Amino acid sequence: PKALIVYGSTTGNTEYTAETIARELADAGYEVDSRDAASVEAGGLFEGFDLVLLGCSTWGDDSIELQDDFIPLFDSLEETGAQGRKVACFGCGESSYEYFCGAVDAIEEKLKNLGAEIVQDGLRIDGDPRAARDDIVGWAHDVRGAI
């Protein structure tokens, strides 16, 4: 199968998470395309992929804002080919904020509304992802066994 992983990441934590997932899928025999959100165009982005994984960190002062490179993709998610696509979401944040990984909820909700098939509940990482590597790999295992 072919998997696409798209991530928005400003300090590297969601990027590190995306690459650890990519390695686990690649070792399972997938062909994986891992792209930063800053370099992609929404139109038709998911065409051809068996599985799409979207990851983003959460920002904003008092509100929920998505990571800046991911905003344009989020705003044009209806042109990506998400209807009927198997997807799953992930993201890093910090539990001291009101909306812990609130970008993950906003993306899952928009996908569900477009008719995507959410394969597993979102992976939500608190603090340093390097200290939660076991959770990331476990989650990557679960999504692969699901689709």
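When you see a residue number, it is the position in the sequence shown, counting from 1.
As the entry records it, the average C-alpha temperature factor is higher for 128-136, out of 17-25 and 128-136. When 107-115 is weighed against 48-56, 107-115 comes out higher, by mean CA B-factor as recorded in the entry.
In the PDB entry, the Cα temperature factor peaks, among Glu31, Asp68, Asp121, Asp36, at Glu31. In this PDB entry, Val40 carries a Cα temperature factor that places it within the highest third of its chain's modelled residues. Sorting the modelled residues of the chain by their CA temperature factor places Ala82 in the middle third. Placement of the Cα temperature factor of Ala88 within the chain: lowest third of the modelled residues, per the deposited record.
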